[PDB]
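Enquirer:
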Amino acid sequence: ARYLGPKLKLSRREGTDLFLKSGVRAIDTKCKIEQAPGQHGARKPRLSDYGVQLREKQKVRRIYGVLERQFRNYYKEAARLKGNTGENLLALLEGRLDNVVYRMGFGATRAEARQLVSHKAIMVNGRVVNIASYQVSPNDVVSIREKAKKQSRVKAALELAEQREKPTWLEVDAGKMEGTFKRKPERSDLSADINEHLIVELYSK
Amino acid sequence: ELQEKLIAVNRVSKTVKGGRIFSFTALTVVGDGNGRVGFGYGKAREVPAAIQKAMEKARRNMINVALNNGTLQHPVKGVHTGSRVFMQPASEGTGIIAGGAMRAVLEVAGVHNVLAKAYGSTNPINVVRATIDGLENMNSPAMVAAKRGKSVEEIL
Amino acid sequence: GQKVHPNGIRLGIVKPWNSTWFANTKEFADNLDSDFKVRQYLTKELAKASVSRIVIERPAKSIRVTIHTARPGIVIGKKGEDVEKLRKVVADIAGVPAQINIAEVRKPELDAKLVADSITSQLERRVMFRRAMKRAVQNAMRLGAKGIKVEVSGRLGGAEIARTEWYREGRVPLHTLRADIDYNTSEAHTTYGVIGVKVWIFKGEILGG
Amino acid sequence: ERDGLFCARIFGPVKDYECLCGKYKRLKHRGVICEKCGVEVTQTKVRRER
Amino acid sequence: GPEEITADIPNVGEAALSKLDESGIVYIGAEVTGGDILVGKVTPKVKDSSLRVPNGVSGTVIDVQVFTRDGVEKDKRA
Amino acid sequence: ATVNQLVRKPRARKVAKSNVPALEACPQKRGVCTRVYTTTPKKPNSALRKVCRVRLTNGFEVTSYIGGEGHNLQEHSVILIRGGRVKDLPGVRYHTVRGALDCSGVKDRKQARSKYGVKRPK
RNA sequence: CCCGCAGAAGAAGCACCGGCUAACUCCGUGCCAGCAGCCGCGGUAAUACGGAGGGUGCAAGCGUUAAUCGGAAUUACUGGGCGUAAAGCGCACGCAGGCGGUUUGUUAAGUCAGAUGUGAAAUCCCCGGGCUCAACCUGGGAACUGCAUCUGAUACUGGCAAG
RNA sequence: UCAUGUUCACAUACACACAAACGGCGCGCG
Ligand SMILES: [Mg+2]
Ligand SMILES: [Mg+2]
Ligand SMILES: [Mg+2]
Ligand SMILES: [Mg+2]
Ligand SMILES: [Mg+2]
Ligand SMILES: [Mg+2]
Ligand SMILES: [Mg+2]
Ligand SMILES: [Mg+2]
Ligand SMILES: [Mg+2]
Ligand SMILES: [Mg+2]
Ligand SMILES: [Mg+2]
Ligand SMILES: [Mg+2]
Ligand SMILES: [Mg+2]
Ligand SMILES: [Mg+2]
Ligand SMILES: [Mg+2]
Ligand SMILES: [Mg+2]
Ligand SMILES: [Mg+2]
Ligand SMILES: [Mg+2]
Ligand SMILES: [Mg+2]
Ligand SMILES: [Mg+2]
Ligand SMILES: [Mg+2]
Ligand SMILES: [Mg+2]
Ligand SMILES: [Mg+2]
Ligand SMILES: [Zn+2]
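Chains as they are written, first to last, in the deposited numbering: chain AD, 2 to 206; chain AE, 10 to 165; chain AC, 2 to 210; chain CD, 52 to 101; chain CC, 846 to 890, 913 to 945; chain AL, 2 to 123.
1) Do you know how far the Cα of AD/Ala162 is from the Cα of AD/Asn131?
2) For the 8 angstroms Cβ check, are there 3 or more pairs between the stretch 63 to 75 of chain CD and the stretch 85 to 101 of chain CD?
3) Look at the Cβ atom of AC/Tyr184, then the Cβ atom of AC/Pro7, and state whether they are nearer than 8 angstroms.
4) Report the rounded CA-to-CA distance for AL/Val55 versus AD/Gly87, giving the unit in angstroms.
5) Less than 8 angstroms between CB atoms is the rule here; does AD/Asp194 satisfy it with respect to chain CD?
6) Using three-state DSSP, classify AC/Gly2 as helix, strand or coil.
7) Taking only three categories from DSSP, how would you classify AD/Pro168?
8) By DSSP, does AC/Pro73 sit in helix, in strand, or in coil?
9) For the stretch 70 to 117 of chain AC, which segments carrying the beta strand (DSSP E) assignment without a break, of at least 3 residues, lie completely within its bounds, in sequence order?
10) Let me know the alpha helix (DSSP H) ranges lying completely inside the stretch 26 to 50 of chain AD, each 4 residues or longer, listed in chain order.
11) Assuming AC/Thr191 contacts AC/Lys199 under a Cβ cut-off of 8 angstroms, what Cβ separation, rounded to an integer in Å, is found between them?
12) Under 8 angstroms: do the stretch 110 to 119 of chain AE and the stretch 40 to 52 of chain AE share three or more Cβ pairs, one atom per stretch?
13) Under 8 angstroms: do the stretch 111 to 124 of chain AD and the stretch 139 to 146 of chain AD share three or more Cβ pairs, one atom per stretch?
14) Please state if the CB of CD/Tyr68 and the CB of CD/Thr95 are separated by a distance shorter than 8 angstroms.
15) Would you please state the rounded distance, in angstroms, between the beta carbons of AC/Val76 and AC/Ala50? I believe it to be under 8 angstroms.
16) In chain AD, which residues lie less than 8 angstroms from AE/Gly102 when you measure between Cβ atoms?
17) Who are AC/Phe23's beta bridge partners in DSSP?
18) Restricting to Cα atoms, I'd like to know which of AD/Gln40, AD/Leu98 and AD/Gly106 is closest to AD/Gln164.
19) With a threshold of 7 angstroms (Cβ to nearest heavy atom), would residue 213 of chain AD be considered close to ligand 1?
20) Which of helix, strand or coil does DSSP assign to AC/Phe37?
21) Are the CB atoms of AL/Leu81 and AL/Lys116 within a distance shorter than 8 angstroms?
22) Compare the C-alpha of AE/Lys66 against each of AE/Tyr50, AE/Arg54 and AE/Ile72 and name the closest.
23) Counting pairs of Cβ atoms below 8 angstroms between the stretch 63 to 83 of chain AC and the stretch 98 to 110 of chain AC, do you hit three or more?
24) Does the stretch 76 to 87 of chain AD come close enough to the stretch 47 to 64 of chain AD to have 3 or more Cβ pairs within less than 8 angstroms?
25) Take AD/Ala133 as the anchor and find which of AD/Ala149, AD/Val201, AD/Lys151 and AD/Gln71 has the nearest alpha-carbon.
26) With a Cβ-Cβ cutoff of 8 angstroms, do AE/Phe48 and AE/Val137 count as a contact?
27) Cβ of CD/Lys87 within 7 angstroms of any heavy atom in ligand 24?
28) In angstroms, rounded to a whole number, what distance separates the CA positions of CC/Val887 and CC/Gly869?
29) Would you kindly report the start and end of the unbroken alpha helix (DSSP H) that includes AE/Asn43?
30) Is there at least one non-hydrogen atom of ligand 24 closer than 7 angstroms to the beta-carbon of CD/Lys66?
31) Between the C-alpha atoms of AE/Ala35 and AE/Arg69, what's the straight-line distance to the nearest angstrom?
32) Would you check if the distance between the CB atom of AE/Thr140 and the CB atom of AE/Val123 is smaller than 8 angstroms?
33) Less than 7 angstroms between the CB of AE/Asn70 and some heavy atom of ligand 4, yes or no?
34) Using the beta-carbon of each residue, which ones in chain AE are nearer than 9 angstroms to CD/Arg77?
35) Can you give me the Cβ contacts of AD/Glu172 inside the same chain, cut-off strictly under 7 angstroms, excluding the 5 residues immediately before and after it?
36) Inspect the beta-carbon positions of AC/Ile120 and AC/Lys38 and report whether they are closer than 8 angstroms.
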């Protein structure tokens, strides 16, 4: 149910940075970011339309840490919902609870955030929520409980987050270690490099 | 601003006393993303040359299409040798639901929301021929008003 | 069908010889051997300095070599360390007093040997043969060759079946003897084997001789 | 340096008709605003206007 | 990155380079006119930025001088 | 084509036969090897392809390919056959399943083991 | 369901990598052994067999087989054709049948409009709510394209009557 | 009048546009 393998490997394969490490050390220093993964990486065959779509999909999936069945389900729900399908899908992915904690900044990576959620460190509306796929809703306060409030990892994460760029759609208090999920983020607020449209087409062939 | 993309490149042969002579055919399609589309079919002994010829041909003899808000104006059929094509305007956000060649020509044209199907033969060259014919043979409400001698409000 | 060598078919007429000395039959073979040795040595040594044409001319028990090269500065070296060294080694190989001269190729895009060498180097370092060849022809044409032909042959792109491909530009009149056709050959020793390069450069039509 | 006195997303892009973050380099994208750095892809001439 | 002086200038053929020596400096006694390359400098990432004789002027190149930092290689015009 | 014609006698759906009619819409079936032998392939191939005529539980006498190198088959050997043709042999429509009732898995296979009934080495 | 204990501890495989189709190299064999959904591969340099490394795709699953619909406008009502590709009876006459120039009247069967009754609940879909989330459960709608009856319109088609 | 010819086996398959800049301090010419 989780990918258990090299992370910079995933990034190398995609091409982009998927943010699977904390970013203390640059990824170019941590790995050959230029060279593609494997014996035969230094070769670029020209990629078909299917291939390109697949690569982008892989990128997004790796970034968030969603396996295929779950991703497909997300897409179906997004399609069902009114409005633009790709936009909707991105919103759902952001909405995921692990992603929200990462945005707030209690986890250095999404992996870290997921671990915290799993281990029951995070309460949504004063209730320890355990599911990483838990959809957070608008106006939902989500907070670190005091036992995990003493975590040096959590405090380290906060420092890292302070370094990172803060999201407009959340509001987070570092001392209280609580953030209010004010609204589901808009596509302009999310990254432009993600071409959700390719994902939609792929799951619509 | 004249975005172009090559649909299909195919190798074809002629036979001579010696043996076989191979050559390549490149089907390209260019368009400005505001209505104007033009396709070109180049032939040369090697692929890059063929592609270049196709691009030049395509760049000239393009054709303007009355597009309504990034989609078709009404359901339109198109026929040619075997490739018979149907294409229907669809609501904003559906995206282009269209085959291969068809997708290319539409995309360069600048239509963002269509439901197409290629019936009959799906020979790239013919399907492009069909699609361009279909797109051209499509008038707007301005044009119909002009023809019938009425205002657009009377027609709606 | 198998074409005659344009230099050898043109010697005397429009083309000079790369060797100019007299010898009786007693000393003739030996002289030839010496030339072969020295030429082989010189090419081997100054392969990286791009060397187009060695011209040997020995009078009075002494050899005068003339190396035609695209970059003399690298052939001469600073202080003339390498020219001097070469002179002495050449002298030992020959067994006579040596004298090296160095001719500067001002138009190295119009030199068959040089073009072939460049193409071969690219081929060795695994560039796309077609692209390299095209670049070579275009460059020569731009520089102002009245024409150029290039042929490459064998295991192209590491393909199992060998084939020859050639590009021609301008006019390259092989049957006209008064046509100044520069010609040369080279071989790229790739991982898949030898790949032959032939290059013809039609400088123009000489009418004086 | 972004939000300094030259920031390409405050005033406009430096390159002739192409964006700073590198994501877009063709007139087809004319007037899109990126989400890598936030620049608007437009005439660099307008960098002297705004 | 660091520049080079050379005859291997990109995008220019022997039609101009005929007056440089093999190092990348004009021969003494070359007679020159507008647009002749006197010094074939090049810049990485390769850009042909080389000294050309300015428009209008003309003359005979009577001399050259060459100056180099410490820990840097000479060449046969040095 | 004329609506009247259609009304009189409407359009017949094209009843598609199965390419594995001895299975009778079963995913596999048991049978007894009446006879196991080798046979020559069809035209652009050379081989000695192993095949066995099998009396099925439901009466049918089929012939079945036996994939993999080497096999423990002979007369009176109960095996399971599955759907799939060998394009290569004329008239052979069924594969034996390696790794069932009375067929061993292939020896020393490290890949596609699941396809050849081979257990995971350690 | 909550609380406490210890310690990364008890917990990753399956298929595939010639094209379609995302993913390539070396060794072994030498039209043999074998592979295969299609096209094909293998006769001494196998990216197609077998092994290895590397990669790709799914993941507590992954493959194979069977089966249905889709793609298949390949039974074509929507939505096919018949000179030469499969397809015009050898030619006629003709009953049942199908279709019917033009005008007026009447009828109101078809047709159309409106209403009433019904079309069980579950399912599908929408907005909600409850299981930590989901699956799942669930409130209310919508839908259930139908059918029946009654009351209207006379355009068209049908009946009857006259031209 | 003048028949027949064993089996298989045929690759090359992608950037456009862009030509020197702003202030002191001087000297000199008109
Ligand atoms: Mg699961
Ligand atoms: Mg579909
Ligand atoms: Mg001869
Ligand atoms: Mg054979
Ligand atoms: Mg591929
Ligand atoms: Mg082998
Ligand atoms: Mg296999
Ligand atoms: Mg072999
Ligand atoms: Mg294969
Ligand atoms: Mg294999
Ligand atoms: Mg159908
Ligand atoms: Mg038909
Ligand atoms: Mg016939
Ligand atoms: Mg007939
Ligand atoms: Mg007839
Ligand atoms: Mg009538
Ligand atoms: Mg009647
Ligand atoms: Mg009625
Ligand atoms: Mg709920
Ligand atoms: Mg009901
Ligand atoms: Mg009537
Ligand atoms: Mg006979
Ligand atoms: Mg024969
Ligand atoms: Zn940008």
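All C-beta atoms in this analysis are idealised placements derived from N, C-alpha and C, irrespective of residue type, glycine included.
Expert: For this structure:
1) For the purposes of this step, residue 131 of chain AD is taken as the residue at position 130 of the first sequence. For the purposes of this step, residue 162 of chain AD is taken as the residue at position 161 of the first sequence. If I take the Cα positions, the gap works out to 22 angstroms.
2) yes
3) Taking the third sequence and counting its residues from 1, the one referred to as residue 184 of chain AC is at position 183. Taking the third sequence and counting its residues from 1, the one referred to as residue 7 of chain AC is at position 6. Yes; because the gap between Cβ atoms is below 8 angstroms, this pair is in contact.
4) By one-based count along the sixth sequence, residue 55 of chain AL stands at place 54. By one-based count along the first sequence, residue 87 of chain AD stands at place 86. Whole-angstrom Cα-Cα distance: 55 angstroms.
5) Residue 194 of chain AD sits at position 193 when you count from the first residue of the first sequence. Yes, because at least one Cβ of chain CD sits closer than 8 angstroms to the Cβ of AD/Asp194.
6) For the purposes of this step, residue 2 of chain AC is taken as residue 1 along the third sequence, with counting starting at 1. DSSP places AC/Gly2 in coil when its eight states are reduced to three.
7) If you number the first sequence from 1, residue 168 of chain AD lands on position 167. Correct three-state label for AD/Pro168: coil.
8) Looking up residue 73 of chain AC in the third sequence gives position 72. Note: AC/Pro73 maps to helix in three-state DSSP.
9) 99 to 105
10) 28 to 31
11) Numbered from its first residue, the third sequence carries residue 191 of chain AC at position 190. Numbered from its first residue, the third sequence carries residue 199 of chain AC at position 198. Not really, about 17 angstroms apart at Cβ, beyond 8 angstroms.
12) yes
13) yes
14) As a working note, residue 95 of chain CD is residue 44 in the fourth sequence. As a working note, residue 68 of chain CD is residue 17 in the fourth sequence. Pairing CD/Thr95 with CD/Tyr68 gives a Cβ-Cβ distance under 8 angstroms.
15) The residue you call residue 76 of chain AC lines up with position 75 of the third sequence. The residue you call residue 50 of chain AC lines up with position 49 of the third sequence. Right, the Cβ-Cβ distance comes to about 5 angstroms (below 8 angstroms), so this counts as a contact.
16) Reading the second sequence from its first residue, position 93 is the one you call residue 102 of chain AE. Chain AD residues near AE/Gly102: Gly84, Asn85 and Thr86.
17) In the third sequence, the residue the question calls residue 23 of chain AC occupies position 22. Paired residue(s): none; AC/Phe23 is not in a bridge.
18) Stepping through the first sequence from its first residue, residue 164 of chain AD is reached at position 163. Ranking AD/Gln40, AD/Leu98 and AD/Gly106 by Cα distance to AD/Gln164 puts AD/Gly106 first.
19) Outside the displayed range of chain AD (2 to 206) lies residue 213 of chain AD, so it cannot be described from this structure.
20) The residue labelled residue 37 of chain AC in the question sits at position 36 within the third sequence. DSSP places AC/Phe37 in helix when its eight states are reduced to three.
21) By one-based count along the sixth sequence, residue 116 of chain AL stands at place 115. By one-based count along the sixth sequence, residue 81 of chain AL stands at place 80. Contact: no.
22) Walking along the second sequence from the start, residue 66 of chain AE turns up at place 57. The candidate whose alpha carbon is nearest that of AE/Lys66 is AE/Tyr50.
23) yes
24) no
25) Position 132 of the first sequence, counting from 1, holds the residue named residue 133 of chain AD. AD/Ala133 has its Cα closest to that of AD/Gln71, out of AD/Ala149, AD/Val201, AD/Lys151 and AD/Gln71.
26) The count along the second sequence starts at 1 and reaches residue 48 of chain AE at position 39. The count along the second sequence starts at 1 and reaches residue 137 of chain AE at position 128. With respect to the 8 angstroms criterion, AE/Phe48 and AE/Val137 are classified as neighbours on the basis of their beta carbons.
27) Counted from its first residue, the fourth sequence places residue 87 of chain CD at position 36. True, at least one ligand heavy atom lies under 7 angstroms from that Cβ.
28) Here residue 887 of chain CC refers to the residue found at position 42 when the fifth sequence is read from its first residue. Here residue 869 of chain CC refers to the residue found at position 24 when the fifth sequence is read from its first residue. Taking the straight line from one Cα to the other gives about 10 angstroms.
29) Within the second sequence, numbered from 1, the residue matching residue 43 of chain AE stands at position 34. Premise fails: AE/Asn43 is in no alpha helix (DSSP H) and is neither H nor E.
30) On the fourth sequence, position 15 is the one that residue 66 of chain CD refers to. No, the Cβ of CD/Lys66 stays beyond 7 angstroms of every heavy atom of ligand 24.
31) In the second sequence, counting from the first residue as 1, residue 35 of chain AE sits at position 26. In the second sequence, counting from the first residue as 1, residue 69 of chain AE sits at position 60. Whole-angstrom Cα-Cα distance: 16 angstroms.
32) Working through the second sequence from its first residue, we reach residue 140 of chain AE at position 131. Working through the second sequence from its first residue, we reach residue 123 of chain AE at position 114. The answer is no: Cβ separation not under 8 angstroms.
33) Position 61 of the second sequence, counted from the first residue, corresponds to residue 70 of chain AE. AE/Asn70 Cβ: outside cutoff for every heavy atom of ligand 4.
34) By one-based count along the fourth sequence, residue 77 of chain CD stands at place 26. In chain order: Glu10 and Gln12.
35) As a working mapping, residue 172 of chain AD is identified with position 171 in the first sequence. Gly180, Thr181 and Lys183, listed in sequence order.
36) Here residue 120 of chain AC corresponds to residue number 119 of the third sequence, with the count starting at 1. Here residue 38 of chain AC corresponds to residue number 37 of the third sequence, with the count starting at 1. No, Cβ-Cβ distance for AC/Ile120 and AC/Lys38 is not below 8 angstroms.
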